[PDB]
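Chemist: Let me begin by handing over the structure; questions about it come next.
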Amino acid sequence: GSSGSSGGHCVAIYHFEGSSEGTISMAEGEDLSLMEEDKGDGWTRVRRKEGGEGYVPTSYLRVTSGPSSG
């Protein structure tokens, strides 16, 4: 079957390196798996295909918002 999961889709907008003792790194335009939403906090937790998840700034997250993904 297809390879995906209906729930939350987001991609890194700008290069964000997780230096702090509690953050994840992503690549400009990289696919991520939304896990923990951000409520007026600006912090979102996403997972990586490999197996790494951390708290990234929503500002650096652009909701794919692209249905009918062929």
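Here's how to read the names in the structure tokens: chain A, B, ... by the order shown, residue numbers from 1 in each chain, ligand numbers from 1 in the order shown.
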Can you pull out every residue within 12 Å of range 12-17 of chain A, counting only C-alpha atoms, but drop anything in the same chain fewer than 6 positions away, and send it as a PDB file with N, CA and C atoms, in the first residue's frame?

Modeler:
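Done, and the output landed in part.pdb:
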```pdb
ATOM      1  N   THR A  23      16.741  19.397  21.412  1.00  0.00           N
ATOM      2  CA  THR A  23      16.227  19.845  20.124  1.00  0.00           C
ATOM      3  C   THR A  23      16.680  18.923  18.999  1.00  0.00           C
ATOM      4  N   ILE A  24      15.970  18.972  17.877  1.00  0.00           N
ATOM      5  CA  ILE A  24      16.301  18.140  16.727  1.00  0.00           C
ATOM      6  C   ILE A  24      16.728  18.994  15.537  1.00  0.00           C
ATOM      7  N   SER A  25      17.557  18.419  14.671  1.00  0.00           N
ATOM      8  CA  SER A  25      18.042  19.128  13.492  1.00  0.00           C
ATOM      9  C   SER A  25      17.272  18.700  12.246  1.00  0.00           C
ATOM     10  N   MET A  26      17.086  19.637  11.323  1.00  0.00           N
ATOM     11  CA  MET A  26      16.367  19.357  10.085  1.00  0.00           C
ATOM     12  C   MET A  26      17.002  20.093   8.910  1.00  0.00           C
ATOM     13  N   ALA A  27      16.691  19.642   7.698  1.00  0.00           N
ATOM     14  CA  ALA A  27      17.231  20.260   6.493  1.00  0.00           C
ATOM     15  C   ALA A  27      16.179  21.117   5.797  1.00  0.00           C
ATOM     16  N   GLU A  28      16.625  22.201   5.170  1.00  0.00           N
ATOM     17  CA  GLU A  28      15.721  23.104   4.468  1.00  0.00           C
ATOM     18  C   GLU A  28      14.881  22.346   3.445  1.00  0.00           C
ATOM     19  N   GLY A  29      13.599  22.170   3.752  1.00  0.00           N
ATOM     20  CA  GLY A  29      12.711  21.462   2.850  1.00  0.00           C
ATOM     21  C   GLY A  29      12.706  19.966   3.096  1.00  0.00           C
ATOM     22  N   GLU A  30      12.912  19.573   4.349  1.00  0.00           N
ATOM     23  CA  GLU A  30      12.933  18.161   4.713  1.00  0.00           C
ATOM     24  C   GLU A  30      11.579  17.720   5.261  1.00  0.00           C
ATOM     25  N   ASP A  31      11.204  16.480   4.967  1.00  0.00           N
ATOM     26  CA  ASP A  31       9.934  15.935   5.430  1.00  0.00           C
ATOM     27  C   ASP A  31      10.034  15.484   6.884  1.00  0.00           C
ATOM     28  N   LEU A  32       9.002  15.786   7.663  1.00  0.00           N
ATOM     29  CA  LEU A  32       8.973  15.412   9.074  1.00  0.00           C
ATOM     30  C   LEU A  32       7.599  14.881   9.468  1.00  0.00           C
ATOM     31  N   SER A  33       7.542  14.183  10.598  1.00  0.00           N
ATOM     32  CA  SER A  33       6.289  13.619  11.086  1.00  0.00           C
ATOM     33  C   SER A  33       5.804  14.366  12.326  1.00  0.00           C
ATOM     34  N   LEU A  34       4.703  15.094  12.179  1.00  0.00           N
ATOM     35  CA  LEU A  34       4.135  15.855  13.285  1.00  0.00           C
ATOM     36  C   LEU A  34       3.676  14.927  14.405  1.00  0.00           C
ATOM     37  N   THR A  44       7.077  22.775  18.338  1.00  0.00           N
ATOM     38  CA  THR A  44       6.446  21.583  17.786  1.00  0.00           C
ATOM     39  C   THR A  44       7.421  20.410  17.756  1.00  0.00           C
ATOM     40  N   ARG A  45       6.927  19.228  18.109  1.00  0.00           N
ATOM     41  CA  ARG A  45       7.755  18.027  18.123  1.00  0.00           C
ATOM     42  C   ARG A  45       7.466  17.154  16.906  1.00  0.00           C
ATOM     43  N   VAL A  46       8.490  16.925  16.091  1.00  0.00           N
ATOM     44  CA  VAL A  46       8.346  16.105  14.893  1.00  0.00           C
ATOM     45  C   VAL A  46       9.335  14.944  14.901  1.00  0.00           C
ATOM     46  N   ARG A  47       8.997  13.884  14.175  1.00  0.00           N
ATOM     47  CA  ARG A  47       9.855  12.707  14.097  1.00  0.00           C
ATOM     48  C   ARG A  47      10.517  12.606  12.726  1.00  0.00           C
ATOM     49  N   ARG A  48      11.676  11.957  12.682  1.00  0.00           N
ATOM     50  CA  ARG A  48      12.412  11.792  11.432  1.00  0.00           C
ATOM     51  C   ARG A  48      12.357  10.343  10.958  1.00  0.00           C
ATOM     52  N   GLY A  54      12.536  15.870  18.090  1.00  0.00           N
ATOM     53  CA  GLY A  54      12.880  16.936  19.013  1.00  0.00           C
ATOM     54  C   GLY A  54      11.923  18.108  18.931  1.00  0.00           C
ATOM     55  N   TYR A  55      12.165  19.126  19.749  1.00  0.00           N
ATOM     56  CA  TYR A  55      11.313  20.310  19.767  1.00  0.00           C
ATOM     57  C   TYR A  55      11.868  21.394  18.847  1.00  0.00           C
ATOM     58  N   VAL A  56      11.147  21.664  17.763  1.00  0.00           N
ATOM     59  CA  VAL A  56      11.564  22.679  16.803  1.00  0.00           C
ATOM     60  C   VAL A  56      10.587  23.849  16.781  1.00  0.00           C
ATOM     61  N   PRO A  57      11.100  25.042  16.444  1.00  0.00           N
ATOM     62  CA  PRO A  57      10.290  26.262  16.378  1.00  0.00           C
ATOM     63  C   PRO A  57       9.309  26.243  15.210  1.00  0.00           C
ATOM     64  N   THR A  58       8.023  26.372  15.521  1.00  0.00           N
ATOM     65  CA  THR A  58       6.986  26.370  14.497  1.00  0.00           C
ATOM     66  C   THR A  58       7.358  27.281  13.333  1.00  0.00           C
ATOM     67  N   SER A  59       7.954  28.426  13.653  1.00  0.00           N
ATOM     68  CA  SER A  59       8.358  29.387  12.633  1.00  0.00           C
ATOM     69  C   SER A  59       9.110  28.693  11.501  1.00  0.00           C
ATOM     70  N   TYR A  60       9.864  27.657  11.848  1.00  0.00           N
ATOM     71  CA  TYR A  60      10.636  26.910  10.862  1.00  0.00           C
ATOM     72  C   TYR A  60       9.878  25.666  10.407  1.00  0.00           C
ATOM     73  N   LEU A  61       8.553  25.750  10.423  1.00  0.00           N
ATOM     74  CA  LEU A  61       7.710  24.632  10.012  1.00  0.00           C
ATOM     75  C   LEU A  61       6.585  25.106   9.097  1.00  0.00           C
ATOM     76  N   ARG A  62       6.555  24.574   7.880  1.00  0.00           N
ATOM     77  CA  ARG A  62       5.530  24.942   6.910  1.00  0.00           C
ATOM     78  C   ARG A  62       4.627  23.752   6.596  1.00  0.00           C
ATOM     79  N   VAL A  63       3.381  23.825   7.055  1.00  0.00           N
ATOM     80  CA  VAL A  63       2.418  22.755   6.824  1.00  0.00           C
ATOM     81  C   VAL A  63       2.302  22.433   5.338  1.00  0.00           C
ATOM     82  N   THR A  64       2.706  21.222   4.967  1.00  0.00           N
ATOM     83  CA  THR A  64       2.649  20.789   3.577  1.00  0.00           C
ATOM     84  C   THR A  64       1.391  21.311   2.891  1.00  0.00           C
TER      85      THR A  64
END
```

Chemist: One decimal, in Å: what's the spacing between CA of residue 38 in chain A and CA of residue 69 in chain A?

Modeler: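 It comes out at 24.8 Å.
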
Chemist: Name the closest residue to residue 9 in chain A among the candidates A:49, A:39, A:21, A:65; distances are taken between atoms, counting only C-alpha atoms.

Modeler: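 Nearest to residue 9 in chain A: A:65.
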
Chemist: Using Å and a single decimal, report how far CA of residue 53 in chain A sits from CA of residue 22 in chain A.

Modeler: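 According to the coordinates, CA of residue 22 in chain A and CA of residue 53 in chain A are separated by 9.5 Å.
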